[PDB]
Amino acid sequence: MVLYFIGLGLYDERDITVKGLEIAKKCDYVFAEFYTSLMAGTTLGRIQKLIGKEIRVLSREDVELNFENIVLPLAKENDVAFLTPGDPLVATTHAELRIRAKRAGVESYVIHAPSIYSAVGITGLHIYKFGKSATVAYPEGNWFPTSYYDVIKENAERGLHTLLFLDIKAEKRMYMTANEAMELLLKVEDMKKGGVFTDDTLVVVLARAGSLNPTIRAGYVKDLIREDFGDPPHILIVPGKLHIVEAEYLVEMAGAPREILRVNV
């Protein structure tokens, strides 16, 4: 009788850790959610096949409102696993679900998996240099979110990089591309005019991290805004002050304009 929060990784069913696979294989019941992120290189079938279990997929409402009514009950008698894309507790509210488990008298364990948060390391940007992170959310109705713009500004002022998670509307199957994120940011810049995100701003795009051939592109907004970066998911990064070796990597590995080699110190 226990509950396991098991991450599935970045792209496909093989991104799960060996620890996660072996424990997942021996659980009595297996639940999962696929709304907090997109695993573009797999399907539910391949996942079930790999674990050898039927996986009951839950909606955001099932989780946020009925986790303790659907999942916890079975944990009191059996070994249950709750699967999620990437790492279970990263850029989600899943951590709080452990508190519900405790209050229900259920012990929980966390099995980590590759996360986009550390995968950004493949962009060549020093991970210790990333500042506060933010999410570019789709405007809805008359409400136009802009907080993420202020985050970039705050980090940029300190010479730190900014990781931008992109919005997702799972039930509509809508995944925000880096192109859309860029369009929204220019509109915010037009509104606030803080000189934070313009046509000349250098940005980095990472698409489908975890796959063997992710798309990694670095360049000025004016040139990348209409570029095709392949299928989702995508994340956008606005680097801060670059180190020489970071610039070198962007140019050699991400096709960045050879001119960024000339870092203003």
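In case it trips you up, residue 1 is the first one in the sequence shown, and so on.
A.B. asks: Which wins on mean Cα temperature factor, 202-210 or 220-228?
C.D. replies: The stretch with the larger average C-alpha B-factor is 220-228.
A.B. asks: Can you let me know which of the two, 184-192 or 130-138, has the higher average C-alpha B-factor in the entry?
C.D. replies: Averaging CA B-factors over each stretch, the winner is 184-192.
A.B. asks: Looking at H161, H112, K172, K153, which has the biggest Cα B factor in the entry?
C.D. replies: Each of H161, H112, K172, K153 was compared by C-alpha B-factor; the highest is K172.
A.B. asks: Sorting by Cα B-factor within the chain, modelled residues only, which third would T123 end up in: lowest, middle or highest?
C.D. replies: Within its chain, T123 is a lowest-third residue by C-alpha B-factor, going by the deposited values.
A.B. asks: Sorting the chain's CA B-factors, does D87 end up in the lowest, middle or highest third?
C.D. replies: As the PDB entry reports it, the C-alpha B-factor of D87 lands in the lowest third of its chain.
A.B. asks: Once the chain's modelled residues are ordered by C-alpha B factor and cut into thirds, is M39 in the lowest, middle or highest one?
C.D. replies: Middle third - that is where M39 ends up once the chain's C-alpha B-factors are sorted.
A.B. asks: Considering only modelled residues of the same chain, in which third does the CA B-factor of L58 rank: lowest, middle or highest?
C.D. replies: Middle third by C-alpha B-factor.
A.B. asks: For the chain shown, is the CA B-factor of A32 in the lowest, middle or highest third of its modelled residues?
C.D. replies: Middle third by C-alpha B-factor.
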